[PDB]
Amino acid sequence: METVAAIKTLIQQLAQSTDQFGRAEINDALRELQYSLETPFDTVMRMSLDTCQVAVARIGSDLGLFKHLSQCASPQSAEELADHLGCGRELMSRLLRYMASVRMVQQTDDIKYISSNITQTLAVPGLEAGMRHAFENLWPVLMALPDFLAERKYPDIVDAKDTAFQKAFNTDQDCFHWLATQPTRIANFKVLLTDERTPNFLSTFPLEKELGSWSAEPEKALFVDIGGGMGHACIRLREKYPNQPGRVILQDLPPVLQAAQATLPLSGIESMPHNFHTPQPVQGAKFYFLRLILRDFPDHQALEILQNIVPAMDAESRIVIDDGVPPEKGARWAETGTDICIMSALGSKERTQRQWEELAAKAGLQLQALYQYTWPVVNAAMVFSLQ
């Protein structure tokens, strides 16, 4: 119908007319409209069949389909793709037909296949690794969660060693300890670390305002990236603020620091092995930065991580928690799904602003400023000082 074609045109034109945050708001609206207008049968069909996407993405990734199609200059037949990738012809035709129906590839008028936006995404190593993590790590924990909760008469989960994870992978270890003994998972996790989220806190963080008159003299630390992974925050800080003095220090475990060396600048960023369960060695830094760290820990462990930093602080030192700050009400699926997943796997939780302030108060900290940098799903740099 011309009506459907016109709806598509108007929504694309409105999407192009706004920014990434406007487009995120439109996408959530489109989802809310689908759910509101689907029939009861459609609801069950959707819940039944949308689980297919991750499995079929896992297969495409195993075959190298997404990478191959992303490099192809012309439409490919199912036959050409099957013979090239070493797949049964009929299986490849069925997988491609399914993939086209969910835009994981596109199907042409003459029943050939080209890259979509999603083909290209699943071709990117860091994003492919996310999809692989969802299949091998998240799926099993969600599959265990209902019977786990039933067996245990619906407990409030508060312990990383007593959640669905232990049922899912038949172990008494917490997720973090268990992953160390699984080379396949560590390799994928290693690739997942290379994905850099955009935008980042530096888009809205008023660094010069937050600095005040803080002196890098004689030899003080500007920024200590605690569990900084590949040190994207350190790299982006040095890139945005090349003239601000002070040590910029990436802190992580030796294997992650080794992985980071390749892509770290040759000067200006220190690689310091540090376990964030031990006292913070760098004294009187301006910013102690924790990005997507504390959300992976229940309150007891998150508190201990903060308590390990507080004694290193000057009056001018700030702890900067860069993490999810879902609202009190009307939280979006991306903030609320993450909460169920980290409950199931890690025994942890998403925290509202009030819950972040209650946690930080136990560590003797007070919130000075909160700088949101994503919308409508809230990620913010929360700036904490000594009480």
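Numbers for residues come from their place in the sequence shown, where the first is 1. The term rigid core refers to the most C-alpha atoms you can superpose between the two forms while keeping them within 1.5 Å.
Root mean square Cα distance to the shown form, taken over structures and residues in 5 other deposited structures of this protein after a core fit, is higher for 209-217 when 209-217 and 163-171 are compared. Between 371-379 and 10-18, it is 10-18 that carries the larger average Cα temperature factor according to the deposited entry.
For the segment pair 170-178 and 196-204, the entry gives 170-178 the higher mean B-factor, averaged over Cα atoms.
When the C-alpha B-factors of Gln355, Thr43, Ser348, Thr51 are ranked from the entry, the top spot goes to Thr51.
If you compare the C-alpha temperature factors of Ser101, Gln244, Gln280, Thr263 in the entry, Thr263 comes out highest. In the deposited entry, the Cα temperature factor of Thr108 places it in the highest third of its chain's modelled residues. In this PDB entry, the Cα temperature factor of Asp322 sits in the bottom third of its chain's modelled residues, the lowest group. For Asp147, the recorded CA temperature factor ranks within the middle third of the chain's modelled residues. In the PDB entry, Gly284 places in the middle third of its chain by CA B-factor. Ranked by C-alpha B-factor against the other modelled residues of its chain, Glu136 falls in the middle third.
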